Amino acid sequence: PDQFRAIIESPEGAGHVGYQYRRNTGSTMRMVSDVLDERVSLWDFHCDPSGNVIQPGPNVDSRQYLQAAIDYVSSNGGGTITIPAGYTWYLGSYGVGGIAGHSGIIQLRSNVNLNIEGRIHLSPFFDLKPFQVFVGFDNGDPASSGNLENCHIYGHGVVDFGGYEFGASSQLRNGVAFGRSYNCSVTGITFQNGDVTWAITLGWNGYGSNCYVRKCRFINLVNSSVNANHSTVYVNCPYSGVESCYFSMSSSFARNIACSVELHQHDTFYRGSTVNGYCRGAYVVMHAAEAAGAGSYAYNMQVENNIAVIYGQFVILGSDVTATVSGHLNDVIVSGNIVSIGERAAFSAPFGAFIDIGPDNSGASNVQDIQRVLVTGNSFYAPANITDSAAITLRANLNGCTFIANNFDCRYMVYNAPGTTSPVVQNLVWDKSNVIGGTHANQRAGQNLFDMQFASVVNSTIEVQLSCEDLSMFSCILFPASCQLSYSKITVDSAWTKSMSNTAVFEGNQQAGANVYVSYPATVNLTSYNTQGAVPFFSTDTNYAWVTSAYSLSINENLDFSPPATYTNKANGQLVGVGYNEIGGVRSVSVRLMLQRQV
């Protein structure tokens, strides 16, 4: 009996108190400790060497306790550790072993989930230092790392990076690096208050699968000029993605350096998220340097139904090569996104774009293999002052991209800066169902709406359709003489173009090519013969040898004659058609025509 009181007060006491669920005679006859052992929290490991519980706080380093918890639960085949609500748990030292090569704090282990209901904060030990808060690699060399499987982090809690700036631009900082990660996820968590490189990374160079970030918040994760670059989630394994997240930055530096998501492997997605205050929406890129685990192709890439206010580019496409591997990007869909460039001065952040075809990280524009991309059903808006805003900035070689049924309301439709790169363009398709807005009407002095500053364009379609006037622009579409153009279709619808001096401009006369199909409006001066009755009219100028037919876009204010309704050409480059002189006389008129070639 002495001994009984002793047992009951001992740590084995609950193991002596019987329990049967709801007094049910068919239930297991258990002990209290058995039922308590079905759950586990940080409190079960957050104790001193004598087993006395330690209270968390700014002057307590919780790291070793949390690691002990993870280690122990891992040893039993897994489970879920709760990080209790109503407490802030500070981390105040680096981890040891395999994660030290990654500046790791906590090592994640397979099947061991974390339910973060309270707050995890970084203590000032980490000020000006690199860190990766949770790491799933088990080796300093990721190539020699084991996998992390079935690890979920979820809850209503918070990871707070303590506000600390980077100490040097070369440093790396991360929230969760799942590593070579298979069926891992983060759900519900708020990441906030730091200066970091990534909040979450999924996979490693294509090793991993089925990793997701869902219903998380990322708030104020860049705060300094030291921060070299920030991408909030970096998706580096296939069959993985980001859904229904919220991303916000307030720093000025974030407007120049921060991107919300990167998709770097096949069968990856970015959907249903809201972004504010970032430079960029998403990179969609196949790096040859990352091709080890899942091949050299990024395909089935999806960016859909997101909402964004950014300062630079919404989606950036890329692929590149190494000495022995070539990366390819194909089968991409960008749809349903509503995006705007936030209020800013022209040229005060990276050049505004809905899509950017960017050069590689060395600036090379002749290594890319990007094709079979569909951009459909998106809206884009930039305020009227933002000269540096385009539907697509096409700055590197492009093997195809298709635009259907978007609404683009910005300075340029297609742009690339002259005397920069000279991309080779194939299979650029701009369907007539793309609606060109009018916010930048009157701002386009000296500018071409479609500024085709490329080395060459083949197998491309540009069907221009205005929906309001903008007589300030120099042309709707212009090809410099250095841009070859072949096997293409280029049309300018006449609506809102009557008063334009230039509609389509071919500075090398490239619309003459055998397999170029074009149409655009032009003003033409004609003169007739004197004959009464059916009578020819001929253009005064001889620059129409390429024209297959033309037809009037002007009314005839005369009674005594009419010019031809339709024209063909002659070998000397004149247009010619048959009009009617009710009364004879040489006539001379200036008419707006629709010039057509092979259409």
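Throughout, we count residues from 1 along the sequence that is shown.
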Going by the entry, of stretches 460-468 and 229-237 the one with greater average Cα B-factor is 229-237
Averaging the C-alpha temperature factors as deposited, the higher value of 45-53 versus 534-542 falls on 45-53
From the entry's CA B-factor values, the highest among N558, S554, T548, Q64 is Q64
When the entry's CA B-factors for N442, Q302, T201, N361 are compared, the highest one belongs to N361
By the entry's values, the third containing the CA B factor of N448 is the lowest
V176: CA temperature factor from the record, placed by chain third, in the middle
Tertile call for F166 (CA temperature factor, within chain, third-based) is the highest
Here the Cα B-factor of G584, set against its chain, lands in the third termed middle
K215: C-alpha B-factor third of its chain, per the entry, is the middle
